[PDB]
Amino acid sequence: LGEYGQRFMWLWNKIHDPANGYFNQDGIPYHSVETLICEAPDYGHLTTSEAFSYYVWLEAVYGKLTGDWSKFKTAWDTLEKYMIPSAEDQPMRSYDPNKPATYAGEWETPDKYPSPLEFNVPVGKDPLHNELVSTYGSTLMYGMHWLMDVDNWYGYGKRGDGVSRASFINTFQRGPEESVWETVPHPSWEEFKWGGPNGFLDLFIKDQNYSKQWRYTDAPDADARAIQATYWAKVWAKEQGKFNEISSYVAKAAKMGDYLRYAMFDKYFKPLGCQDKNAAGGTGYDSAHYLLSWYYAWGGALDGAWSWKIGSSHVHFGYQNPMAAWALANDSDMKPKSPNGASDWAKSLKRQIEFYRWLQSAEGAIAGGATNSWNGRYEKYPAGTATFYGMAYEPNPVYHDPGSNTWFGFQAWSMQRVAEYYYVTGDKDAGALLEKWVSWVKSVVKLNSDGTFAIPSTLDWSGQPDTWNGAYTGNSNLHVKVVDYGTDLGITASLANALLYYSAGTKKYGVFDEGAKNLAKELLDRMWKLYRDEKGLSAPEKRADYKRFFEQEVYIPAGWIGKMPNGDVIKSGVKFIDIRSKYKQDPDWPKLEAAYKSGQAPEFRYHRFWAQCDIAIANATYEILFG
């Protein structure tokens, strides 16, 4: 084991050291060691399917370096036990594939919700349902719900029991301007035990009456990451003569991939390009965009009177995963058991690669994405809108303030997967896409003379690509700008990881790009030199946005009154902290308050679980490819 594999082991040891507190008492990883953090989850001991996917990934690499596949198996075991809803959590009955859901608009601001159901709006057909049921013999949807309250901090428990750990919750529901600060956290299982008279439902969806019900939301990027990780575990185990220990677990990734196809469809199964909410619904695959959209979701009445499934009309390049798609399409170990699963993934692979290329800026960074539902209401695109198989270009799909593609992180996370795919296949389009993007990366990363480094933090965009017709035009009017710089260590490591796979590819298939290998190695070494600490690695970050703890009003309709499980009153006027008063018991609360009352930006050195994973994985990757 070389220097870099040893680097992985040390961080792995930190991560798995019970005293460091990366995991709860059940072995579920938290979002971060530190509880006082707000960014996508709003509390550090929540967890995400993202974290679970990174957990699978870390252990897959451990198996590679180690020959020991127990960690990978227990990772998967935990994932399936807690993060995928069980038969009891999702008792789906009376699903209609010809009427998968009923439509509701999306609106520009949270104060426009609850969104009214519109019962006359045509909805298309779900062509997956029957095939899946036939294949698996079950109505259970095999995907991770995205958000978990690991230690029941909020207090909803499981299935409304108020007590259990590993509690399913949700937050984001109120359109493109509901920031992490502007949500009302609510249980996935709704029995009206909390909130108002109709639980939390009528903050979000307006109906004539309300039924007790469950609903879950998949984050397609996380499920695909897990599949991606399992692909590598599969080839690594095979290399060692250990495939058989893992076989039933590659089967988990295969089945997860089978259900992940829901991410490939328009929200309400409307035809691509329809631009009319009153247009008739699609009849099958005419509503598939074949990309990994922002979510899929599914729900059911507790009494079993009905159920529903939706995809998403909004697609971000940051979610795509050609490695997982390739694996599911082409690798005989990974192919889903359904008749059309592998075929659908072959279509998605090609469509994804076209999407990346279509979105590539004049400089080389990848632009945001596209939607099949302009303003989330199937409206007519403005004149001159660039399109991709009938979908409209959006610089910032889904979230507009701040825009979802203003975060540099997606460049790394997503291009890392393309880089893997190119390494595996030599795909010329991926190679060309990566070469331009690497060129851009090399031009914006700062390797300072004094041994420090900075990576882009925030990006800004202007123009649009040329409408897609199968060939990259150079997109000379689509521009990126680096707004500012930071030392996000998770993203730094991810970026190193992508650069290394690309480099290994060019050696295997073209002219070895040594410069890319060296850029990555520098990032990994300068980081190792500078940022190690007791629990792993961390870099200081000021979080001036944390004034929103105290200042951010949460929209609540006039006259609507409810309560959180801890007794916090939910009504018009409440602040972020008013519906989360347990935050006041946080060890770092005095620090936050002192910073705030003194008008100063509090400063943190966080250990985010995914970030520590990316660091560990990136170092191991150098060993694996250049060892």
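Just count from 1 along the sequence shown to find any residue number.
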What about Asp303, is it left unmodelled in a third or more of the other PDB entries we looked at? yes
Test item: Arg93 lacks coordinates in at least a third of other entries: yes
Please compare 462-470 with 400-408 and say which has the higher mean C-alpha temperature factor in the record. 400-408
Averaging the C-alpha temperature factors as deposited, the higher value of 68-76 versus 391-399 falls on 68-76
I'd like to know which of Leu489, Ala342, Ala365, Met92 has the highest C-alpha temperature factor in the PDB entry. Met92
Out of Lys206, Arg261, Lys347, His289, which shows the largest CA B-factor listed in the entry? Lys206
Entry-reported Cα temperature factor of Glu34, expressed as the chain third it lands in: middle
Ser538, C-alpha B-factor rank within chain (lowest, middle or highest third): middle
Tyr606: CA B-factor among chain residues, third -> lowest
Could you say whether, by C-alpha temperature factor, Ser598 belongs to the lowest, middle or highest third of its chain? highest
Based on the deposited C-alpha B factors for this chain, I'd like to know if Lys582 is in the lowest, middle or highest third. middle
